[PDB]
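One structure below.
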Ligand code: CLA
Ligand code: CLA
Ligand SMILES: CC(/C=C/C=C(C)/C=C/[C@@]12O[C@]1(C)C[C@@H](O)CC2(C)C)=C\C=C\C=C(C)\C=C\C=C(C)\C=C\[C@@]12O[C@]1(C)C[C@@H](O)CC2(C)C
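Protein chains in written order, with the entry's author numbering: chain K, 41 to 123; chain T, 148 to 352; chain c, 43 to 251; chain 7, 43 to 251; chain 3, 90 to 319.
What follows is the structure, encoded as structure tokens:
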């Protein structure tokens, strides 16, 4: 996880893609309950600052999912011999 | 007040109570603290830019004029922290390194205790005994703006009201500009280890 | 109506200016209870008197050592004395323990009930060993003093308590610059008066990182 | 209205303070029934008296051993006593068992029916051998004592029960620090007085792993 | 200003400017009055006992955070001798970490003294919590007058617990309450830190502060997690 490593780049890009995905619809966040196609835009608790629904549990889950996706990508690329 | 631009993004001034003493968050206390913080900021800016210009121009004898942080002893690489009077100053003053700090602490403590006791109970701090220094500072209804025989000794604001408020607005805006300037000097001295006028000359050239 | 420890501050209600050196300095609000006030003022008076005696003895010994009389430093003076004193350790400390415990309990039970020792139970004397005031005894402790006059008594009370507080400050200063310089206080005064701009508490090395 | 075993606690309903040493300490609800309350009072009194008697004998023997007289330890005293005793083992325990059975069923049937033995059945005595209180007999067992006065009798009852409980604590302390130190209780006391800062229940190796 | 990052809804509905804390940070929710409803003492999950344990944990954390770092800078300076100046976990609290041999008694002797004294203290505290002001009625060495307490068992006051007795006004008392709970919540993280720093470096917390100050990039979380002893 040295600054400049391909694993660091993969981790940061995954985290940023997950925050982008949860910022404007586009992900089953605390604001967006999920149907088979993830609709209906509900509201609970409060966002505490920036708009939409980035609560304390929204960034906690998306960071967890973004981290967990990154272990799959890095170790998958490491197993096949990439980066 | 003496200033209203409608810029409170974090809403730190909402405390749902107004009190003269305590809670450290009333609008009058915040305005007083911001005004004196700003005044210290323009004194810091002028004291950290003045030896820089007059040092390279040869008006003042050149001993650490270009570096206010080196003059005060601020390096952040000696051992611990760039607290002043701790870095190795190449110029020996008439007050060497630390009894200067003692004199500054006792004088600023006298002045701060006077200011704080005027803030708590106005009109009572100039009664008992101060070797005749009590008559120079008459009381006033504003904690940040005493006026009188001292401070406003020239009488440049005690003639009307609108010009007084214009001077208030100009003073607070120059003060906020000085806060941004001193945060700039903060950042340059911390991350470049070279004075700010030298950086001005580099970005001009 | 009185000079306080901070001008413009609010003096305490229990500190009405009727005490010696009543500058109204009480941020921890001690001596608020009247019995606690009595014990505080007695403790302050005895600590002030012993601090004054200690600073007088230390200054006399240091001045004599500077002028040429053989005297050790104010620190470890009992260490240099106990090797040559006829009285060994143990006996001396317990002898002074017995004597000053006697005086401690006598003045304690005079503090609790005034005039409880003026009944002649000790060597049959009435006017002596009786406390005229709380922390101030009377009789044989005032052979020729002007405490009979009340104005001179009040002035001497204020002078005594102010000199006592100055002695407290002198003693903590003595131990502080002894740990700082490892020298006599008179030598420290001579060093300060020789080079004031340089020789001070800044350049002693210790206490300034 | 009474000092309890824990301040602010709720005293039991069956402990109204009418008993000797009634501090209201009973979390297991024992002695709730009045007959078992009397039986517990009797048992506490006799266990207390035997604890004080045994502790006093142990202390006397240990003090006599420490002063130089030939005396055994409080432990295995009988083991070295029997080899010099004219009375052998077996006969001694059985003799004391028969005699103490006589005395103890006499006091037992006095406990069941108060004043049952005061009918002159035992050698024609009526006033003697008759229980005055719950666990307190009379006649022969109060030769000169002040149980006639009520207040002095109550104070003596409280003193007896408190000394008894202190002696139970002393006996458990005796066995505990004998198993800890394998020495006499007076020897342990002298070791505690000689070096209090180090010699204790913690630096004996055993009981603190 | 108000509320916090977590700040669950239906949790601010039972607290608004009442407790000395009450910053709106109850994401899980444990001060609901519906919890432990009924009769009797019941359980520990209730606002009174939670506030009581929070302020007790707070004050214990203040004392601990003062005592853990207090010998250290004074050992760097010449205040206390460096022989006694040792890391807080090497004083005998963790004998695997180390004990101080030059004590006036055995560590278990001091443990028994602490057990007796603090058992008296905490059992009197618990008995006064069960029955308010009941420790001022049973005779205890002639000092029953300073154990009267107040309506709140957490904040007793009296001739000794508040012997300075300043903050008589409600506003100053509320400010002191907020200051106490805020410095206690800081000491919470101070102890959490001190333990984590001790387990990640094996050295004292002020030495870790010096390490972060001298080299912030080279001595921080990422380098110390990948180093020796953690
Ligand atoms: C010291 C503890 C103690 C106390 C305070 C009492 C008090 C009482 N008992 Mg009790 N008793 C005790 C021990 C004690 N007893 C022991 C050990 C036994 C077993 C032998 C008995 C057997 C007994 C019976 C059988 C009866 C009483 C009765 C009484 C009451 C009579 C009042 C009286 O005369 O005062 C008693 C005063 C004392 C005992 C103080 C004397 C203490 C001496 C001086 C100690 C020294 C002797 C010792 C052996 C030496 C120790 C040496 C050591 C240092 C090494 C009263 C409630 C009677 C009662 O309640 O009738 C209504 C009753 O019938 N008691
Ligand atoms: C789940 C069980 C478990 C546990 C308990 C540990 C625990 C430990 N391992 Mg292990 N480890 C585990 C699983 C586990 N590991 C697994 C699954 C792997 C993967 C293979 C590893 C791989 C691994 C490696 C490779 C290494 C360790 C090391 C360590 C140590 C460093 C801990 C650390 O970094 O935290 C730092 C410490 C803390 C964060 C402290 C926690 C906070 C404290 C408790 C707060 C308490 C403060 C409180 C307020 C006051 C205290 C009370 C006071 C008043 C007395 C520690 C002993 C390292 C080692 O040997 O170092 C010794 C090491 O080299 N482990
Ligand atoms: C400590 C003790 C009993 C303690 C009981 C406790 C704490 C019980 C607690 C509770 O019940 C309460 C209160 C209330 C309940 O709701 C709850 C519980 C918790 C259940 C008895 C000791 C009792 C101790 C006694 C009776 C001691 C007797 C000693 C004798 C006879 C000595 C004889 C000798 O033989 C030796 C041993 C050796 C020879 O060298 C010398 C001679 C003299 C020959």
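We put the beta carbon where it would ideally sit given N, CA and C, even for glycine.
Residue i - partner residues in DSSP beta bridges
{"i": "residue 102 (chain 3)", "result": "According to DSSP, which records beta bridges pairwise, residue 102 (chain 3) is partnered with nothing at all."}
{"i": "residue 128 (chain 3)", "result": "Residue 128 (chain 3) pairs with nothing; no bridge assigned."}
{"i": "residue 179 (chain c)", "result": "173 (chain c)"}
Which listed residue (the options) has its alpha carbon closest to that of residue i
{"i": "residue 221 (chain T)", "options": "175 (chain T), 208 (chain T), 237 (chain T), 258 (chain T)", "result": "237 (chain T)"}
{"i": "residue 69 (chain c)", "options": "57 (chain c), 231 (chain c), 77 (chain c)", "result": "57 (chain c)"}
{"i": "residue 98 (chain 3)", "options": "108 (chain K), 107 (chain K), 95 (chain K)", "result": "95 (chain K)"}
{"i": "residue 182 (chain T)", "options": "291 (chain T), 172 (chain T), 296 (chain T)", "result": "291 (chain T)"}
{"i": "residue 263 (chain 3)", "options": "150 (chain T), 169 (chain T), 148 (chain T), 157 (chain T)", "result": "169 (chain T)"}
{"i": "residue 243 (chain 3)", "options": "235 (chain 3), 142 (chain 3), 119 (chain 3), 185 (chain 3)", "result": "142 (chain 3)"}
{"i": "residue 344 (chain T)", "options": "153 (chain T), 198 (chain T), 174 (chain T), 178 (chain T)", "result": "198 (chain T)"}
{"i": "residue 84 (chain K)", "options": "76 (chain K), 93 (chain K), 77 (chain K)", "result": "93 (chain K)"}
{"i": "residue 241 (chain c)", "options": "225 (chain T), 339 (chain T), 247 (chain T), 207 (chain T)", "result": "247 (chain T)"}
8 angstroms Cβ cutoff, residue i in contact with chain 7
{"i": "residue 217 (chain 3)", "result": "yes"}
{"i": "residue 195 (chain 3)", "result": "yes"}
{"i": "residue 198 (chain 3)", "result": "yes"}
Alpha-carbon to alpha-carbon, residue j and residue i
{"i": "residue 267 (chain 3)", "j": "residue 274 (chain 3)", "result": "10 angstroms"}
{"i": "residue 196 (chain c)", "j": "residue 62 (chain c)", "result": "7 angstroms"}
{"i": "residue 283 (chain 3)", "j": "residue 247 (chain c)", "result": "31 angstroms"}
{"i": "residue 192 (chain c)", "j": "residue 199 (chain c)", "result": "10 angstroms"}
{"i": "residue 264 (chain T)", "j": "residue 164 (chain T)", "result": "22 angstroms"}
{"i": "residue 188 (chain T)", "j": "residue 68 (chain K)", "result": "49 angstroms"}
{"i": "residue 83 (chain c)", "j": "residue 158 (chain c)", "result": "19 angstroms"}
{"i": "residue 283 (chain T)", "j": "residue 328 (chain T)", "result": "33 angstroms"}
{"i": "residue 59 (chain K)", "j": "residue 166 (chain T)", "result": "43 angstroms"}
{"i": "residue 139 (chain 3)", "j": "residue 67 (chain c)", "result": "39 angstroms"}
{"i": "residue 73 (chain c)", "j": "residue 289 (chain T)", "result": "37 angstroms"}
{"i": "residue 113 (chain 7)", "j": "residue 228 (chain 7)", "result": "13 angstroms"}
{"i": "residue 255 (chain 3)", "j": "residue 71 (chain c)", "result": "8 angstroms"}
{"i": "residue 174 (chain 7)", "j": "residue 180 (chain 7)", "result": "6 angstroms"}
{"i": "residue 47 (chain K)", "j": "residue 108 (chain K)", "result": "13 angstroms"}
Neighbour flag for residue i against chain K, beta carbons, 8 angstroms
{"i": "residue 95 (chain 3)", "result": "yes"}
{"i": "residue 92 (chain 3)", "result": "yes"}
{"i": "residue 305 (chain 3)", "result": "no"}
Short CB-CB distance (under 8 angstroms) between residue i and chain 3
{"i": "residue 134 (chain 7)", "result": "no"}
{"i": "residue 49 (chain K)", "result": "no"}
{"i": "residue 88 (chain K)", "result": "yes"}
{"i": "residue 245 (chain 7)", "result": "yes"}
{"i": "residue 228 (chain 7)", "result": "no"}
{"i": "residue 239 (chain 7)", "result": "yes"}
Residue-chain proximity (residue i, chain c), Cβ-Cβ < 8 angstroms
{"i": "residue 277 (chain T)", "result": "yes"}
{"i": "residue 264 (chain T)", "result": "yes"}
{"i": "residue 88 (chain 3)", "result": "Lying outside 90 to 319, the shown extent of chain 3, residue 88 (chain 3) is not represented and no answer is given."}
Cutoff 8 angstroms: residue i Cβ touching any chain T Cβ
{"i": "residue 242 (chain c)", "result": "yes"}
{"i": "residue 299 (chain 3)", "result": "yes"}
{"i": "residue 264 (chain 3)", "result": "yes"}
{"i": "residue 302 (chain 3)", "result": "yes"}
{"i": "residue 259 (chain 3)", "result": "no"}
Taking only beta carbons into account, state which residues of the segment 96-113 of chain K come closer than 7 angstroms to chain 3, listed in chain order. Hits within the stretch, in order: 96.
Of all the residues that make up the segment 224-249 of chain T, which are near chain c by a beta-carbon distance shorter than 9 angstroms? Listed in sequence order: 226, 227, 233, 241, 242, 243, 244, 245, 246, 247, 248, 249.
What residues in the segment 97-110 of chain 3 bring their beta carbon closer than 9 angstroms to a beta carbon of chain K? Only those residues of the segment 97-110 of chain 3 whose C-beta falls short of 9 angstroms from the nearest C-beta of chain K are listed: 97, 98.
Using a beta-carbon distance cut-off of less than 9 angstroms, what residues from the segment 96-129 of chain c approach chain T? Answer in chain order: no residues at all.
Taking only beta carbons into account, state which residues of the segment 45-70 of chain 7 come closer than 9 angstroms to chain 3, listed in chain order. Correct list: 45, 46, 48, 49, 50, 51, 52.
Taking only beta carbons into account, state which residues of the segment 181-207 of chain T come closer than 7 angstroms to chain c, listed in chain order. Those would be none; no residue qualifies.
Members of the segment 76-96 of chain c near chain 3, C-beta cut-off 8 angstroms: Residues of the segment 76-96 of chain c with a Cβ closer than 8 angstroms to any Cβ of chain 3: none.
Could you name the residues of the segment 133-164 of chain 3 whose beta carbon sits closer than 8 angstroms to any beta carbon of chain 7, in the order they occur along the chain? Per Cβ criterion, the list is empty.
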